[PDB]
Structures are given as C-alpha cells and as structure tokens.
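When reading the values below, keep in mind they use all heavy atoms of this one structure, side chains included, and skip hydrogens, waters and symmetry mates. Letters A, B, ... are given to chains in the order of the sequence lines, protein chains preceding strands, and every chain is numbered from 1.
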Amino acid sequence: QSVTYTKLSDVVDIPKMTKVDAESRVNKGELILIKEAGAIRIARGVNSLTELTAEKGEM
Amino acid sequence: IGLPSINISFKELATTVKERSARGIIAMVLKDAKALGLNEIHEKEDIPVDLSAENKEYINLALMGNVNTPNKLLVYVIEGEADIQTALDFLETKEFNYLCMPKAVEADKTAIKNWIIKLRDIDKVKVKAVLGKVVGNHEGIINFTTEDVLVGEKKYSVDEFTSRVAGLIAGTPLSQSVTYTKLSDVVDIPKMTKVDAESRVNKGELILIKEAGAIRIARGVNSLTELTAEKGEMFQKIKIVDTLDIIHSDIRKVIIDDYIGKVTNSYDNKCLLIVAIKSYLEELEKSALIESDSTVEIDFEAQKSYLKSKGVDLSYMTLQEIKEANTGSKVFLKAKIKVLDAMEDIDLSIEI
Amino acid sequence: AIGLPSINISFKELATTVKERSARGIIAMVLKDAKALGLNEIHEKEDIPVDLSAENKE
Amino acid sequence: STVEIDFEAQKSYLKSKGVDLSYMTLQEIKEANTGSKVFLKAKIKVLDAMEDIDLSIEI
Amino acid sequence: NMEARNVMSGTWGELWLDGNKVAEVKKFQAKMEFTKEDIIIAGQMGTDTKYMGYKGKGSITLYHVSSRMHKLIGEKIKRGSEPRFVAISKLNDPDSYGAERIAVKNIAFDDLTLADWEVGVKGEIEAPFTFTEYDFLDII
Amino acid sequence: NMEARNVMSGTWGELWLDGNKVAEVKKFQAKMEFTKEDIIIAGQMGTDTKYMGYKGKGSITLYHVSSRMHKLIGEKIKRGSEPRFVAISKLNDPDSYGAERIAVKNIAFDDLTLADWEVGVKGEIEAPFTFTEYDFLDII
Amino acid sequence: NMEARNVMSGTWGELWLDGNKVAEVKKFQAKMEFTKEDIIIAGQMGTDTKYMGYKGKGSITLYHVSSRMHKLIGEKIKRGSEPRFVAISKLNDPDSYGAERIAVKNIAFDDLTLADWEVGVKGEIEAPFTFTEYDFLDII
Amino acid sequence: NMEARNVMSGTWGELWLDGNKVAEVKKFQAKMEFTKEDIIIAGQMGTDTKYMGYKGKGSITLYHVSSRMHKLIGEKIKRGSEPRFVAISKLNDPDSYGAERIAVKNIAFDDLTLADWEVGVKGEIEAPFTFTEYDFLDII
Amino acid sequence: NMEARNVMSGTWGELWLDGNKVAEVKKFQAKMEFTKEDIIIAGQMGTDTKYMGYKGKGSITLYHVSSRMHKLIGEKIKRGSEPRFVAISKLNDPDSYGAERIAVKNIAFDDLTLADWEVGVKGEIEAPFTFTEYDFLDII
C-alpha cells in the first residue's frame, strides 16, 4: 500500500490553508496534512527529493 | 428493578406526521446572538429554544417537504458582524446537497456563488444553492425570484422564501420533477402576466406562477443560460443534474474508499475496477434511474496521449502493448449512459 | 511536477468519429513557391507549413 | 530481475590498483582478482499504486 | 498466417474469483446452452427451430491446498442465504495473436466438498456452477 | 507461494468413528448436494435458479480386518431401531500450510455387508452413508 | 497393531450349502440394502431420512464340476413348489486376528442355468439369490 | 411468408395491473366465450345457431414475492365493496413483425389466496377473474 | 426489480394451532372463494356479475408423530359440541423482502382420521377445514 489519502482520526483541526498553496508545497517536495471529505488525511506520499537527473528519475 | 408495571391508558386520537425521506440533506445558515454551532435537526419538534421565533419560522418553512420531509437539516449559527467565509469553511467539512441562507445581502450572495462555483469546478464536489437574486450562469446555482409571498397573513421576502423552495426541492423523489408542484400553505402572489413568465423562464429563473387552483411552480429549470457543444439543453433541468450528481457522489465514494493507495496500478487491477463500475451501473439500471445498455471501457486515446507526452516511442508497438502499458499512477476510463425526461407538454387534437 | 491526487468524473455528450490513417503509401510530389524551399515531409493535415499559399495548399 | 558482477566498479578498482585494462578480454576482467572487494549489481522493477483516476461519461 | 504455434496452450490461463487470485487452478470452463423448440411448417419437409433462451454452466477444478470454498459458502449455505460471485478468466499465450479475458457474473455453485481423500492419492477439488451474465474484455 | 509440495497427500488422513480411532481407512468422503429450482423471469434470456436445500452424502472404504460394522449396526437394524453416529476426519500433510479437521454428524449408513470374498483377492469393505450436520475445527 | 499381513485373504474361505460342503466355491457374497424415505422438516435446510426396512441380496460363483443346482431346484421349480436353503460361510486367515462365520437363512435363488459352454473356455456358474435372516457365529 | 423465428415467445410478455407494473408475472390470459342458441329451420337438415352474447374469463399467475393481492382486495372484500381494475398486457418479441398491446377493463377477481406454501417447493399464486370490455393498442 | 432469490421457499413456514406450535407441520393453505351472480343488462353484449359473499376453505397436512387431532376434537364431537380454533401461519424466508403472518379464525374441521397406515409407507394425516375471519400481521 501507500500513505496517500491515509486518514488521521486523532487529529482534529488544521489552520485554514488553500489548495493551490498545497499544490505548490507538494511541488517543492513536502509532507503536509490536508482537509478532505471525512476525517483529516495525508495529501501525498512524496519525500524531500526534488532534483531530477538521468541517474535518479521521477520514481 | 421495581414492581411489574401493567398500565392501560386512554387518550384521544393524535395527528399523523408525514413519512420521512431517505434522500435529501439540506444545510441552512442562521444568524443568532446565542447558541452558535452546528445542530442536526431531524424532526420539527426538536428545535433548540435559544433561537428567535423568526429563525424558528424559517426552520419550519424548510421542514415541510413536497412529497416527504427532507432527511436531515444542518444548521450553522453565527452571531453576526463576521465574514461568511468562516461559516463556509465549516460547511466544507460536512456532507450536504442544498445550501440556503434566508438573511442575505448582495455581497454574501456573491461570496456563496463564487464559493460553490469554485467547489464544483476545482474541488470536484457537487453541491447546490438556492439564492434569492443571483444571475449566475452555473448549474449549481438556483435563482428563485418571486416577491412578497404571503402565507397565513404574513409577508415573506424573496430572499427569505428560499428555505421553503429548498425544502420543496429536497422533498421531491428522483422519479418526479418540481414542475407544476403546488403549495397549499401559500395564499396570495402579486399580480403578474404570462408573457413576463415566458421571458423569465427563458432567462433561467425558477418563479412561482398562478394557475387554476392553488399556486404552483412554473418550470424546473436551472440558472444555466449559455449552451455549448458539450453542455446542451439537458443540463438546464434540475432532475437530470440531480441524478448526475448522485452518480458522481456514489462513484467517488466507492473509488476513495476502496482503491486510492490500496492497490497497485496494474492492468489486472484496472480490469477489476472496470468490472466493479459496470456492476454499479447495472444496479442503477435495475432501479430505472438510467436506461439500459450502458458500457464501461478503457479510454485508449487518453492513454496513448499520456504515453506520447512522456516520450515513449509508439513505433513498432502492438495495440495490446499500448493498452497494457504502464501509466505510472494514472488510470484512464470512459463510460456511456442515457437518461430520460418527465412528461410536461401535451398536445391533444379533437375532431367533432 | 507532481501534485495533489486528482479524481475527476466528467459529464459530456455527442462525440464524433474520424477517418483511419494508414501506413500504406508514399508519394513524391513537386510544388513551386518562393519560400520554404527544400524537401517537405508531411504525415498529417495539421503539420503543414504556413509558408505555402492556399493554391499550393490545395 | 537480473543479478551479475558490477563491471564498471570492478574496472575502476582495477585502474585504482595500477592494473592495466588494455588488451584484456571481458571474461578476463570479470574473473580478475580484486583482493577483499566484491562488486555486484542487481536490477529490479517496482510499480506504484493508484492515485489519480479519470472517468469520462457521455450522456 | 496460421502456424501450429498459434494454438493457445492452457498452461497460460489465470483465474480471479471474488476479486482474489487463485494460483492452484487446474481448469476453467464456461458455456451457454440454448433452448430450442421444434416447429413444423406446412408444405416444408425440413423442420425448423425457434430460439427461446439459454443456460450457463461451468466448472472449476483446483489442487487441494486451502479451504477456499469452505470459507466462501459453508456458513452462509446452512443459514439459508445463498451468495453470488464474479469470476474473471484470462488466456494469454505469448505465441498467439492476443489475449482473451472474460468476466462471468451471477455465479451460484452446485455443491460443497468437505472431505475427499485416499491413501496414495493427491487431493483435488471439482466445483460445478451456473451463471447468467458475462462481459467481454480484450477479445481477439 | 504456490508449490507442488503444498498439495495435500491422502496418505496423511485420519478417521474417528463413534469416538473410536479406525487405523484401517482407505478413503473418506463427505459432500453436500444443493437442490435448485429453475425460475424463468419475464424479459430475461438467461434463466435463473433458486436455492432450496441440500443433501449430504459420503462413503467410507476400509480394509477388511475386523467386524466393525457388524457390531455397530447389525443387531439394532433387525429390531427396527436405527442408530446415528459422528465421524471426525483429519488431513495433516507436513509439507502443507496446516491441518483440516471436520466433524460429520447425524450419520446413517446405507447398507451392511455380511460377507464378500473371492479366491486370490484381498478383502475390502465399502460403506456409503448420509448425514445432516457438520462443524469446522482448524480450517486453513 | 495393524500389519499388512492382517488383511484377510479370500483364498481361506469355506462354504456349506444345505448342510453339504461345497469344495468348489469361487466367491460368496451377502449384503443388506436399507429402504429409506426422504423427510423434509420445516425450518431445516438439511433433509433427513427415515428407515423402513431392508433387502438381502447375494450371489455364489462356482467352478462347473457337477450338477449341484440342477439336483437342488430343477424338478421342484417346474411343479410350482419353491425350496428354501441355509448357507454357512467361514473366513479364516491364519495371519488375521480370528475367524468370521455367518449363517444366511431363507435363501431363494433367482435363476437356474442348464447349459453354458464355449469352445476353448472353461466352465463356470453364477447363482444370484435373496435372503431374509442371518445369524452370527464367532465374530471378531 | 411463414418463418419459425416469427412465432411469438412468451418470455417477452409484460403486464400492468391497476397502473403499476408487475415484475413477477408468470402467466396471463384472457378470453371471450360466445353464447349460442340452436335453431332448427324447417326443410333444412343442418342445425344453425344464433349469437346472443359473450362472457369474458381470464387468469393470472405470479411468483410469490409480495402480498400484492392482499393489499389490493382483502379489506374491501370484507366490508361488501367490490373493486374493479384495468390490466394492460404487452407482447413484443424482437424477431416478430411487431408488438401487440391490449387493455382489459372492468376486471373482477374470483378469489383471494391467503396462504399456500409447501416444504421443499417454491411459492406461486393463481388468480382467476372475469371482465367485460377491452381495447386494442398496437395491433398487428 | 425481480430476482430469483426473492421467491419465497416453503421450507421456512411455521404454524401455530390453538396457541401451540406444531413442529411436524407439512403443508398449510387457506383461501376465500367469492360467490357471484350473473347479471345481463339490456343493450350490453357482455355479461356482468354481482358479488354476494365468500366461503373460506383450507387444509393442513402433518407427519404422523402424535394423536394431536384426536385429543383436539374426538370426545367433543361425539357429545354434540363443536369447537372452533385459531391458527397462525408465518412465512419468513431470509432471502425475501420480509415476513408474512396471518391469523385464521373460527376454524371448523371437516373430519377426523382415526387410523390410516400402510406397510412399507410412512404415516401422514390430511385435515381440511372451513373458516370465517382473518387478520393481517406483518404484511409485505
């Protein structure tokens, strides 16, 4: 499995935070919590790597 | 545990309440200085006493249903002197079908219109609102323009009758439509001509009309007025948009619950997902919501375009190789359905 | 450019069919125009040089 | 998946030790003595999970 | 165009039952039997037939490695509630033209085997069934 | 995960009858047959079925070493009183995942063999039966 | 406790018919078939059975050396008077635990063979019968 | 021009009772029986007839899935009020020339089945009736 | 929405007679037969009918396991006193939409079977009756 869209039941509230900002942050490479239908869940399962080279690609 | 109790009591007859409906969830925003928060109102009897009598009458108007009472009422209370966006933020978390707010101003209506348009287009969530005087071109916005509705020797403005309209719409079952639906409680409507009614219904307003007998709704159109090749005349009808939204919500719930992150992206799992979606469509066909002979399939052109975008050489590639290729984390699918409309116009020629 | 998960379900109508494009034949062809000289290799109706006139387009 | 002797690292180590790699067969380089060092290379493939789904419906 | 290599071998078959892959599968079968009625037409020596409907019948044979069918149907059958399943079969021979993948729906099994063993004999299970619907995915 | 060694061999089977271990079992069998009724639904080409009940049927084959069945049923059958028994079968192959143990209840036998022998042939006994109930112990 | 030597060999069988020893027996058989009736009980998926009675059936096969059956039944059958006989079978293998001796009573034969021969084939006779009663002597 | 495919199959029938479609319909029929009087004319050997009227009769059979007829007529029949109904029958075979649709009016049922069930058998209900009028829609 | 699983199976029936459950019930049925009078109206070709009343009829069959009906009615019938009973029938199939329960009141039996037995056949008893009233509980 993966950690994308994994719901955190314990967490209750996050500061107000916009969708386009989340897109930009995950584009830079960040793990953030997002508000979505139902409980609070993980936006994406990326790590901190952001440099793209012939040796190490998107995967 | 006490002694055995055998009590036989005598009482008079009591009135019968209208049957509850499984479908239809409506959220309303009220402004009161006391008892802020979210309240779930299931029955007309259970209303918090902190609210004013005027808010109670708005709730009561929302409670009545066309054929059945709406399933659940979500009320959010804000004291006032506050931005509407803070209530919209809380409402984004919950699940609802219609949004109405009797105490409205022009800026508040603009905010709600923008918020719902943004949700429907970007957030991929299908929600609707009933607004007093809004010229929004979207299907998610319902424009109801009738002035000075008088019920039981009272005066209701156009903006504060939207709760009743939303309750009426939520009470209607899927098989039927709100066209020519009559309101017994309503007594009098200001005088108005038929040509004006034709012009307004062509413009895209949901208005009240006075016919033989009680008052009734003229037509069940949306606020959509501009048509394209992709969006035809079908999307202007409330019933069709409602069933499409139901299909969207069901499929999204299934996909989110069972497939996102859980399973690996391989062609066999795509076939399993296709079979599941086909089974859901068959279930819909059995209930007669949609016509028979619906299909689900892999969208070949989108997959090939995606492969071209990533620089994959399609030369010397079999159609099976292209169809079964690895697409990273993306799944491309397409489907086809058909929906009918209700009976509204009749021509009968009699020869004597 | 990775982003947030996207689950979109779109409603539409009235698609249309097209003509199949084949890999069968090759044709040698001669044109005269005062610009965009040299050979020109064309596979589809959209990658035509705008330099050629409409009469040459015909 | 494949497992084999890492040729490039072995050749680099042979250069670092002063050995001459010219007029040497591939097989000769493969089974050359490398002291206490073993260089191996393996190649495997992994697949991602479903994250984004596109559904087009025509009425 | 035909070469003897183009015949599909049954070793390249795969089966999914109720969404779960089964690896110890020996054979799979599915077939539709038509119901026909004889109709004698006046003035014609050759009698004709009228098509009325069909029967779907199949069977699955698998090596005895786990209690798959017990867990699937045993407890529900006793209580009086009958379950229905979906199966997907794929035949993909590398030397053939392409793959063949069919989904068989509304499957109801005919029996349940609790124990069948013999000294000096390896275990096997045969499970007949009936069905009503099907779909085509990737036909040749 | 699937290997040829994981298939259960029938040599590793064990049987208890009426609480007594029988060392001399050749094969054991138990199976439930469902009763189904055809139902034609208007507007549908594929006919469906309705589940109505089941039959349990089995058999035991054993080498002829003692008079087990005679002592079990012979005298009671003549008097008009029919006995009922319980059997437990266990299949435990060391190379498989685990054991399979099932209890078969309310067993009534179909016949009784008094003598069956031939010159130059070793003796064997076959005893079919029916049953109604069962339980699961240690399924895989 | 079991050794492969404990299985009874059929070469060690003996038969007495009407009090006379027959040295020429090839096989002997006797078996009781129960009569059962299906009974469906409300609220129960597994159908049960009721025991009603039994049928005894058997057969004797012997090498053709004398006219035993002719002398036994031929003249009486024509006159309309049917005879009844008693048979005793004994199975005594030295390597087994013990002997098994059963008396089969009220035997009525099914047919009579007058002649059955073929060139290059040795003679044999098969005689089916029915019976009603039995007794146990020296069971294991 | 007669073909075997043109014969109408009854699996393509459909029924509407009191404005509501009945999915579980099994059989439908309706018939008008003419009343005739024999007349003998002087000088004429063959007897002739006179037509005086007709009486309509029909029947419906459905699979037992709900208490439809109870809700239709049960309470009303006790109080002494008799309801009349309208039924529409449609037969549309894809291989036939066209569809056939008839409305049967002024229907009065003959009885009401409160309960008829049998262990081991599926439920069915048969309901005869009488009618007076009819109308033609989409005649062939 | 018609499915084959929704058809009610009669093995799930239950009966209460005079307040006591009867486990050995085999069959139950109850029916109301309407009385109709033909009426011919001048100027109308089709004959019409008038509803005048109804008569209730039913039957019960049980497996012969006890002398229930004897104790119920035998002594009373001789003296000239006729008892009336109440019966409750329940049909609750797990695969159906819901349960159906009907109470049949003012039951008068038609006869009393003192003895009916047959060698080789199991015992059964059939008891017809007539009734007047009914009530609906848990209608579908």
Under 4.5 Å from any heavy atom of chain H - which part of [X]:
X      : value
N1(I)  : backbone
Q44(I) : side chain
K36(I) : side chain
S96(I) : neither
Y51(I) : both

### Query
Do the non-hydrogen side-chain atoms of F34(I) and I77(H) ever get within less than 4.5 Å of each other?
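Touching, per the 4.5 Å side-chain cut-off.
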Interface moiety of [X] toward chain I, non-hydrogen atoms closer than 4.5 Å:
X      : value
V65(H) : both
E24(H) : both
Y63(H) : side chain
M52(H) : backbone

### Message
Keeping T113(H) on the side-chain end and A30(I) on the backbone end, is there a donor-acceptor pair under 3.5 Å?
### Response
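Absent.
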### Message
Taking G74(H)'s backbone N and O only, do any of them form a donor-acceptor pair with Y134(I)'s side chain (distance below 3.5 Å, no angle check)?
### Response
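Checking the backbone N and O of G74(H) against the side chain of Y134(I), a donor-acceptor pair under 3.5 Å is found.
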